[PDB]
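Engineer: Kindly return the folded structure for what I paste below:
(chains A and B, ligands or ions: 2)
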Amino acid sequence: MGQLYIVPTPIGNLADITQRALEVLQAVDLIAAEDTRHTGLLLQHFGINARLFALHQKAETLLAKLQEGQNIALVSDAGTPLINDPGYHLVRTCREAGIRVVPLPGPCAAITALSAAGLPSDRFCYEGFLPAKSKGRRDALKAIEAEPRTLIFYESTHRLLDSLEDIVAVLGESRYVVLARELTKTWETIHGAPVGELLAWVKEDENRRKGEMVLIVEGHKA
Amino acid sequence: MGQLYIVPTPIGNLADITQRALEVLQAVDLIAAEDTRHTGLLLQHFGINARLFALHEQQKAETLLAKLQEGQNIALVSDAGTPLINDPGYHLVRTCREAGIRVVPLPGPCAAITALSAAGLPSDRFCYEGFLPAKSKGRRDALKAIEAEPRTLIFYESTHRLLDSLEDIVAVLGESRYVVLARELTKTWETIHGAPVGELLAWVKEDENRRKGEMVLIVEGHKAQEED
Ligand SMILES: C[S@@+](CC[C@H](N)C(=O)[O-])C[C@H]1O[C@@H](n2cnc3c(N)ncnc32)[C@H](O)[C@@H]1O
Ligand SMILES: C[S@@+](CC[C@H](N)C(=O)[O-])C[C@H]1O[C@@H](n2cnc3c(N)ncnc32)[C@H](O)[C@@H]1O
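Structural biologist: Numbering: from 1, shown residues only, chains lettered A, B, ... in the order given. Ligands and ions are numbered 1, 2, ... in the order given. Below, you will see the structure:
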């Protein structure tokens, strides 16, 4: 009976790899990836030759191979699979079929940003992406506006300015927010301020919203 | 001016440390640790000879801030997993941030996330709740405050309180709420078992081994019910 390995990958820095990750990737019969080409680049950097299987169900196909006794590693493009990344259907399928699922610890952008924010982390909520539509986004924000826990959002560069102005609008312009940009890359920048002043600070320079970002929002006073 | 590095460490398997963590732990002037003896043992496995600083005080945060300002680089670690995630360091990071000191987080092991990735529950959104109160009365109140939460919930629980805690979860959340018990992740006794919580509680009681070691609880969020 085969096993499924969940294997987190770097989020922009290739030294953020672990030895057990490299050993699992090289040992499994098959690697199910989000994008076979991103992962191929990654594998070639570490001198690992492996069979890739694209993850565009397909769960049932991979399930059969596991029952045939094949070991499978699930990876995503960056970070930890199933955290706003594919694989939720496969793990469900495998688990009720009695397939052992083995998670490797590794990089996760949300936790990485939270560890550097200087905000209360005894409790937090992970919200993923805000809605793209301005109305739907203001409604998600009103929905959590009272939440006392630290909130973590993933946000896109094109939508940051609009998201931030809505946040000012709904949560108020003195709500402390930490913007974590391009974690573990050369450009890495983490800056926190009252969200009013943060929005002002971001607009001063266009580059301050370039690349991948996480927002850490302080929770309501309570 | 020096920088403050936030450095995750293994949660039971030495091959889970990142290569960059090893690089940083060997390059900084000082390692500030939750427990210098526990950290000493980890460093020893990797041949690393380092200067350790005990965090056991905004007083000590002021000490470290001073070193950073005179140009010293500092790494912060906890006994396991990611610092600040139910581990000290929060005030130090804050103090450094408001003084212009750059904080550099390294990604790495975190038990909550590791468990979540393999639990088979919705992770589109989730709540990290940490440790439930140790006393049953306190614990039941904390559970009542989140009974209606629709997001997947994550809890840390101790081996000595798991059976009591599971009894209170049955009682407050109901015996059918799906819960996953992730035990001894990355260790040789690793076991991830999910079930309606009343069944989970019974399953655990069959064999005392099933509650030994370190554990995460992944709890299915609340679904709407007519009985209300
Ligand atoms: C679809 S998600 C993948 C999340 C990933 N699986 C993880 O482990 O967090 C991609 C989003 O994560 C966040 N992210 C990923 N890498 C990042 C980095 N290096 N710095 C800041 N945010 C990052 C960004 O918000 C980006 O839009
Ligand atoms: C105070 S916390 C430290 C959390 C750590 N900072 C992290 O990022 O995961 C310790 C608790 O985390 C959970 N934990 C740590 N290691 C674990 C493992 N290998 N398997 C299951 N749970 C673990 C247990 O509930 C343990 O009592």
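Engineer: can you give me the helices for chain A?
Structural biologist: According to DSSP state H, chain A carries its helices in the segments A:19-27, A:36-45, A:58-67, A:88-96, A:109-117, A:134-144, A:160-171, A:195-204.
Engineer: just those: most buried one?
Structural biologist: helix A:109-117 (a mean of 27; mean count of other C-beta atoms under 10 Å in any protein chain shown). (Each C-beta comes from the backbone N, C-alpha and C, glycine too.)
Engineer: any residues touching that one, and which ones?
Structural biologist: The contact list for helix A:109-117 (C-beta atoms under 8 Å, 6 or more residues apart in numbering or on different chains) reads A:11, A:78-79, A:83, A:121, A:124, A:126, A:150, A:152, A:154, A:178, A:180, A:183-184, A:190, A:192, A:212, A:214, A:216, B:6, B:8, B:82-85, B:93, B:103-107, B:110, B:112-113.
Engineer: returning to that earlier point: can you tell which of the helices of chain A is closest to ligand 2?
Structural biologist: Closest approach to ligand 2 among those is made by helix A:109-117 (7.4 Å; C-beta to the nearest ligand atom).
Engineer: With adjacent residues omitted, what lies nearest to residue A:190?
Structural biologist: Nearest non-adjacent residue to residue A:190, counting by C-beta to C-beta, 6 or more residues apart in numbering or on different chains: residue A:180, 4.8 Å away.
Engineer: what's that neighbour in contact with, if anything?
Structural biologist: A:112-113, A:116-117, A:189-190, A:213-216.
Engineer: Check those one by one and keep those near ligand 1.
Structural biologist: A:213-214 (C-beta under 6 Å from any ligand atom).
Engineer: Wait, residue A:29 touches residue A:66, no?
Structural biologist: No. Contact criterion C-beta atoms under 8 Å: residue A:29 and residue A:66 do not qualify, at 9.3 Å.
Engineer: Double-check residue A:216 against residue A:121; I have them as touching.
Structural biologist: No. With contact defined as C-beta under 8 Å, residue A:216 does not reach residue A:121; the gap is 9.1 Å.
Engineer: hey, what's in contact with both of these two?
Structural biologist: By C-beta under 8 Å, 6+ apart, the residues touching both residue A:216 and residue A:121 are A:114, A:150.
Engineer: Looks like residue A:191 contacts residue A:199 (just checking).
Structural biologist: No. With contact defined as C-beta under 8 Å, residue A:191 does not count as touching residue A:199 (11.8 Å).
Engineer: distance between the ends of stretch A:1-8?
Structural biologist: 23 Å (C-alpha to C-alpha, to the nearest Å).
Engineer: What are the contacting residues of it?
Structural biologist: Outside stretch A:1-8, the residues that touch it by C-beta under 8 Å, 6+ apart are A:21, A:24-25, A:28-29, A:65-76, A:79-82, A:87, A:90-91, A:94, A:99-108, B:117-118.
Engineer: rerun that using 7 Å as the cut-off
Structural biologist: If you take C-beta atoms under 7 Å, 6 or more residues apart in numbering or on different chains as the criterion, stretch A:1-8 is touched by A:21, A:24-25, A:28, A:65-75, A:79-81, A:94, A:99-104, A:106-108, B:117-118.
Engineer: which residue sits closest to the residue of chain A positioned farthest from its centre, ignoring its sequence neighbours?
Structural biologist: Distance from the C-alpha centroid of chain A peaks at residue A:68, with 31.6 Å (C-alpha atoms, centre = their mean). In space, and not counting its chain neighbours, residue A:68 is closest to residue A:2: 7.0 Å by C-beta to C-beta, 6+ apart.
Engineer: Near the one you found, how many other residues are there?
Structural biologist: Residue A:2 has 20 neighbouring residues, counting by other C-beta atoms under 10 Å in any protein chain shown.
Engineer: What values do phi and psi take at it?
Structural biologist: Main-chain torsions, residue A:2, degrees, to the nearest 10: phi -70, psi 170.
Engineer: ok, now residue A:97?
Structural biologist: phi -80, psi 0.
Engineer: Contact partners for the closest residue in space to it that isn't next to it in sequence?
Structural biologist: Nearest residue to residue A:97, sequence neighbours excluded (C-beta to C-beta, 6+ apart): residue A:63, at 6.0 Å. Contacts for residue A:63 were tallied using C-beta under 7 Å, 6+ apart; they are A:93-94, A:97.
Engineer: Of these, which is the nearest to chain B?
Structural biologist: residue A:94 (8.0 Å; C-beta to the nearest C-beta).
Engineer: what's the neighbour count on the residue lying closest to the closest one once chain neighbours are set aside?
Structural biologist: The shortest distance from residue A:94 to any non-neighbouring residue, by C-beta to C-beta, 6+ apart, is to residue A:4 (5.1 Å). Residues contacting residue A:4 under the criterion other C-beta under 10 Å number 26.
Engineer: who's residue A:4 bridged to?
Structural biologist: With DSSP bridges as the criterion, residue A:4 is bridged to residue A:72, residue A:101.
Engineer: any idea how far it lies from ligand 2?
Structural biologist: 18 Å (C-beta to the nearest ligand atom, to the nearest Å).
Engineer: which bits of chain A sit near chain B?
Structural biologist: A:6, A:11, A:13, A:15-20, A:23, A:80-83, A:91-92, A:95, A:101, A:103-105, A:107-108, A:111-112, A:115-116, A:118, A:121-128, A:183-184, A:190, A:192 (C-beta under 7 Å from any C-beta of the partner chain).
Engineer: Buried subset of these as a ChimeraX selection?
Structural biologist: Buried members of those, defined by 16 or more other C-beta atoms under 10 Å in any protein chain shown, are picked up in ChimeraX with:
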select /A:6,11,13,16,17,18,20,80,81,82,83,91,95,101,103,104,105,107,108,111,112,115,116,118,121,124,125,126,127,183,184,190,192
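Engineer: Could you chop chain A up by domain?
Structural biologist: Domain ranges of chain A: A:1-105, A:106-222, per curated CATH domains.
Engineer: Which single residue in chain A comes nearest to ligand 1?
Structural biologist: In chain A, the residue that lies nearest ligand 1 is residue A:79 (2.1 Å; C-beta to the nearest ligand atom).
Engineer: hang on, that residue packs against residue A:11?
Structural biologist: Yes. Judged on C-beta atoms under 7 Å, residue A:79 makes contact with residue A:11 at a distance of 4.9 Å.
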